[PDB]
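What follows is the content of start28.txt (compact mmCIF, N, CA and C atoms).
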```txt
# COMPACT_ATOMS: atom_id res chain seq x y z
N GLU A 115 36.59 74.93 98.78
CA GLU A 115 36.23 73.93 97.78
C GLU A 115 34.71 73.75 97.71
N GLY A 116 34.02 74.14 98.79
CA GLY A 116 32.58 74.03 98.81
C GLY A 116 32.12 72.58 98.84
N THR A 117 31.00 72.31 98.19
CA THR A 117 30.41 70.99 98.13
C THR A 117 30.64 70.38 96.75
N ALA A 118 31.07 69.12 96.73
CA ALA A 118 31.46 68.44 95.49
C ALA A 118 30.30 67.55 95.04
N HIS A 119 29.40 68.13 94.25
CA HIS A 119 28.28 67.40 93.66
C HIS A 119 28.64 66.99 92.24
N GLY A 120 28.38 65.73 91.90
CA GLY A 120 28.72 65.22 90.59
C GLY A 120 30.18 64.91 90.39
N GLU A 121 30.84 64.36 91.40
CA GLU A 121 32.26 64.04 91.38
C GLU A 121 32.46 62.61 91.87
N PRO A 122 33.62 61.97 91.56
CA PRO A 122 33.91 60.61 92.04
C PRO A 122 34.04 60.57 93.56
N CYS A 123 33.89 59.38 94.16
CA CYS A 123 33.93 59.26 95.64
C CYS A 123 34.00 57.78 96.03
N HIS A 124 34.45 56.92 95.11
CA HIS A 124 34.49 55.45 95.37
C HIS A 124 35.26 55.17 96.66
N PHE A 125 36.34 55.92 96.91
CA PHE A 125 37.17 55.70 98.13
C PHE A 125 36.29 55.85 99.38
N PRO A 126 36.48 55.01 100.41
CA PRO A 126 35.68 55.08 101.64
C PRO A 126 35.88 56.43 102.34
N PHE A 127 34.82 56.98 102.94
CA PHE A 127 34.91 58.30 103.60
C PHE A 127 34.47 58.19 105.07
N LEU A 128 35.01 59.05 105.93
CA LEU A 128 34.62 59.04 107.34
C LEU A 128 33.37 59.88 107.54
N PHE A 129 32.38 59.30 108.21
CA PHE A 129 31.12 59.98 108.48
C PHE A 129 30.62 59.54 109.84
N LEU A 130 30.49 60.49 110.76
CA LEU A 130 30.07 60.21 112.14
C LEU A 130 30.98 59.17 112.79
N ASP A 131 32.29 59.32 112.56
CA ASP A 131 33.30 58.40 113.09
C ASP A 131 33.04 56.96 112.66
N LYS A 132 32.64 56.79 111.40
CA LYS A 132 32.39 55.46 110.85
C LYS A 132 32.67 55.50 109.35
N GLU A 133 33.58 54.64 108.90
CA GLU A 133 33.93 54.58 107.49
C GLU A 133 32.92 53.75 106.71
N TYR A 134 32.63 54.19 105.49
CA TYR A 134 31.73 53.49 104.59
C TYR A 134 32.45 53.18 103.28
N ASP A 135 32.38 51.93 102.84
CA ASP A 135 33.04 51.50 101.62
C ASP A 135 32.16 51.63 100.38
N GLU A 136 30.88 51.95 100.55
CA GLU A 136 29.95 52.07 99.44
C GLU A 136 29.06 53.29 99.67
N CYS A 137 28.14 53.52 98.73
CA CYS A 137 27.19 54.62 98.86
C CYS A 137 26.22 54.33 100.01
N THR A 138 26.07 55.30 100.91
CA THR A 138 25.21 55.16 102.07
C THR A 138 24.26 56.34 102.17
N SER A 139 23.13 56.11 102.83
CA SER A 139 22.10 57.12 103.02
C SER A 139 22.00 57.58 104.47
N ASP A 140 23.01 57.30 105.27
CA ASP A 140 23.00 57.71 106.67
C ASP A 140 23.10 59.23 106.79
N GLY A 141 22.40 59.78 107.78
CA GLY A 141 22.39 61.20 108.02
C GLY A 141 21.34 61.97 107.26
N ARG A 142 20.60 61.32 106.36
CA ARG A 142 19.55 61.97 105.58
C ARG A 142 18.23 61.23 105.77
N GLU A 143 17.14 62.00 105.75
CA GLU A 143 15.81 61.43 105.92
C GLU A 143 15.20 60.96 104.60
N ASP A 144 15.62 61.53 103.47
CA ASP A 144 15.07 61.13 102.18
C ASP A 144 15.61 59.78 101.71
N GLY A 145 16.68 59.28 102.31
CA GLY A 145 17.23 58.00 101.94
C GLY A 145 18.08 57.98 100.69
N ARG A 146 18.43 59.15 100.15
CA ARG A 146 19.27 59.20 98.97
C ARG A 146 20.68 58.72 99.30
N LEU A 147 21.25 57.92 98.40
CA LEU A 147 22.61 57.42 98.57
C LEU A 147 23.59 58.53 98.23
N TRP A 148 24.25 59.07 99.25
CA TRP A 148 25.21 60.16 99.08
C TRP A 148 26.61 59.67 99.40
N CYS A 149 27.59 60.33 98.79
CA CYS A 149 28.99 59.97 98.94
C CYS A 149 29.81 61.21 99.22
N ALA A 150 30.95 61.01 99.88
CA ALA A 150 31.88 62.10 100.18
C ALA A 150 33.15 61.91 99.37
N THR A 151 33.57 62.96 98.67
CA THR A 151 34.75 62.91 97.82
C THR A 151 36.05 62.98 98.60
N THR A 152 36.00 63.24 99.91
CA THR A 152 37.18 63.31 100.75
C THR A 152 37.14 62.20 101.79
N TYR A 153 38.32 61.91 102.36
CA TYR A 153 38.42 60.87 103.37
C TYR A 153 37.62 61.22 104.61
N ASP A 154 37.67 62.48 105.04
CA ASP A 154 36.96 62.95 106.22
C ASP A 154 35.88 63.93 105.77
N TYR A 155 34.62 63.53 105.91
CA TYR A 155 33.51 64.41 105.54
C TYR A 155 33.30 65.52 106.57
N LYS A 156 33.69 65.28 107.82
CA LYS A 156 33.43 66.26 108.88
C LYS A 156 34.22 67.55 108.67
N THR A 157 35.44 67.46 108.15
CA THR A 157 36.30 68.63 108.02
C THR A 157 36.04 69.41 106.73
N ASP A 158 36.21 68.75 105.58
CA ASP A 158 36.07 69.44 104.30
C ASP A 158 34.62 69.68 103.92
N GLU A 159 33.68 68.95 104.51
CA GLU A 159 32.25 69.08 104.20
C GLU A 159 31.98 68.87 102.71
N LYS A 160 32.74 67.96 102.11
CA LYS A 160 32.60 67.63 100.69
C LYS A 160 31.78 66.35 100.56
N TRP A 161 30.66 66.44 99.85
CA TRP A 161 29.78 65.29 99.67
C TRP A 161 29.01 65.43 98.37
N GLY A 162 28.49 64.31 97.88
CA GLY A 162 27.73 64.30 96.65
C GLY A 162 26.90 63.04 96.54
N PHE A 163 25.85 63.12 95.73
CA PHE A 163 24.98 61.97 95.53
C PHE A 163 25.62 60.94 94.61
N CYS A 164 25.20 59.69 94.76
CA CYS A 164 25.67 58.61 93.90
C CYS A 164 24.77 58.38 92.69
N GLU A 165 23.72 59.17 92.52
CA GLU A 165 22.79 59.01 91.41
C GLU A 165 23.28 59.82 90.21
N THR A 166 22.41 59.98 89.21
CA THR A 166 22.78 60.64 87.96
C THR A 166 23.09 62.12 88.12
N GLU A 167 22.78 62.71 89.28
CA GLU A 167 23.09 64.11 89.58
C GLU A 167 22.43 65.06 88.58
N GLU A 168 21.20 64.72 88.17
CA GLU A 168 20.42 65.66 87.37
C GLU A 168 20.08 66.91 88.17
N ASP A 169 19.84 66.74 89.47
CA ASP A 169 19.57 67.89 90.33
C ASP A 169 20.77 68.83 90.40
N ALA A 170 21.98 68.27 90.47
CA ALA A 170 23.18 69.11 90.49
C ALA A 170 23.34 69.88 89.18
N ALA A 171 23.09 69.22 88.05
CA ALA A 171 23.17 69.91 86.76
C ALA A 171 22.13 71.02 86.67
N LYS A 172 20.90 70.75 87.13
CA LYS A 172 19.87 71.78 87.14
C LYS A 172 20.26 72.94 88.04
N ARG A 173 20.86 72.64 89.20
CA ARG A 173 21.31 73.70 90.11
C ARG A 173 22.38 74.56 89.46
N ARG A 174 23.36 73.93 88.80
CA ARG A 174 24.41 74.70 88.14
C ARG A 174 23.85 75.55 87.01
N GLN A 175 22.94 74.98 86.21
CA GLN A 175 22.31 75.75 85.14
C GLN A 175 21.52 76.92 85.70
N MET A 176 20.80 76.70 86.80
CA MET A 176 20.03 77.77 87.42
C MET A 176 20.94 78.87 87.95
N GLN A 177 22.07 78.50 88.57
CA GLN A 177 23.01 79.50 89.06
C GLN A 177 23.59 80.32 87.91
N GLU A 178 23.98 79.65 86.82
CA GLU A 178 24.50 80.37 85.67
C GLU A 178 23.45 81.31 85.08
N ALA A 179 22.21 80.83 84.96
CA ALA A 179 21.14 81.66 84.42
C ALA A 179 20.87 82.86 85.32
N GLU A 180 20.90 82.65 86.64
CA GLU A 180 20.68 83.76 87.56
C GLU A 180 21.80 84.78 87.47
N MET A 181 23.05 84.32 87.33
CA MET A 181 24.16 85.25 87.15
C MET A 181 23.99 86.07 85.88
N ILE A 182 23.63 85.41 84.78
CA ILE A 182 23.41 86.12 83.52
C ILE A 182 22.27 87.12 83.67
N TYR A 183 21.19 86.71 84.33
CA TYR A 183 20.03 87.58 84.50
C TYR A 183 20.37 88.80 85.34
N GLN A 184 21.11 88.61 86.43
CA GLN A 184 21.45 89.76 87.27
C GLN A 184 22.44 90.68 86.57
N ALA A 185 23.36 90.13 85.78
CA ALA A 185 24.23 90.98 84.97
C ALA A 185 23.42 91.80 83.97
N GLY A 186 22.47 91.15 83.29
CA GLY A 186 21.64 91.88 82.35
C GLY A 186 20.78 92.93 83.01
N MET A 187 20.29 92.64 84.22
CA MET A 187 19.42 93.59 84.91
C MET A 187 20.22 94.78 85.45
N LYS A 188 21.44 94.55 85.93
CA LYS A 188 22.27 95.68 86.33
C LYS A 188 22.74 96.47 85.12
N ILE A 189 22.84 95.82 83.96
CA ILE A 189 23.12 96.56 82.72
C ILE A 189 21.93 97.44 82.36
N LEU A 190 20.72 96.88 82.41
CA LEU A 190 19.53 97.63 82.03
C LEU A 190 19.26 98.78 82.99
N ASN A 191 19.38 98.52 84.29
CA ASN A 191 19.15 99.55 85.30
C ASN A 191 20.33 100.51 85.44
N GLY A 192 21.48 100.18 84.85
CA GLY A 192 22.65 101.03 84.94
C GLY A 192 22.79 102.08 83.86
N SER A 193 21.99 101.99 82.80
CA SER A 193 22.07 102.96 81.72
C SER A 193 20.74 102.99 80.98
N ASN A 194 20.47 104.12 80.33
CA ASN A 194 19.27 104.30 79.53
C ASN A 194 19.56 104.27 78.03
N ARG A 195 20.78 103.91 77.64
CA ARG A 195 21.11 103.79 76.23
C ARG A 195 20.32 102.65 75.60
N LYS A 196 19.76 102.90 74.41
CA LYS A 196 18.94 101.89 73.76
C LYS A 196 19.75 100.65 73.40
N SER A 197 20.99 100.85 72.93
CA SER A 197 21.85 99.70 72.65
C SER A 197 22.21 98.95 73.93
N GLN A 198 22.33 99.67 75.05
CA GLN A 198 22.55 99.00 76.33
C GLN A 198 21.37 98.11 76.69
```

What does the file become when written as structure tokens?
Amino acid sequence: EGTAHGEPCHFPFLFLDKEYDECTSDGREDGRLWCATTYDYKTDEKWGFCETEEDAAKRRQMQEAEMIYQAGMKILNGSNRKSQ
């Protein structure tokens, strides 16, 4: 399942053997309020920020753009056809 950025997480989650009923910044130095979409954060390692998640959207857009770019580059380096 990976990491759940930009997903709901209102339900309290277990973190360092301590349940939190709201957004907390424990475990991070930047102080960002992060949330876990699962009951136990230690096992599934599912967590996400409580903010607007603009960073997550930028990350997803960057990943999609990189995938498109690498596909195009393997297309270009894979053939010398002008239409390719």

Residues within 12 Å of segment 151-161 of chain A, please, as an MDAnalysis selection string. Count only C-alpha atoms; anything in the same chain fewer than 2 positions from it doesn't count. chainID A and resid 115:139 141 147:149 163:164 170

Considering only helix (DSSP H, G or I) as DSSP defines it on the backbone, what residues of chain A qualify? List them as a ChimeraX atom specification. /A:155-158,168-192

So the first atom is atom CA of residue 140 of chain A and the second is atom CA of residue 168 of chain A; what is the distance between them in Å, to one decimal place? 21.0 Å

I need the residues of segment 121-190 of chain A that end up classed as strand (DSSP E) by DSSP on the backbone, written out as a list in words. residues 127, 128, 133, 134, 148, 149, 162 and 163 of chain A

For a test of reading the model, state the distance in Å between atom N of residue 173 of chain A and atom N of residue 189 of chain A, rounded to one decimal.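 Straight-line distance from atom N of residue 173 of chain A to atom N of residue 189 of chain A works out to 23.8 Å.
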
Enter the distance from atom CA of residue 192 of chain A to atom N of residue 176 of chain A, in Å, rounded to one decimal.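 Separation between atom CA of residue 192 of chain A and atom N of residue 176 of chain A: 24.5 Å.
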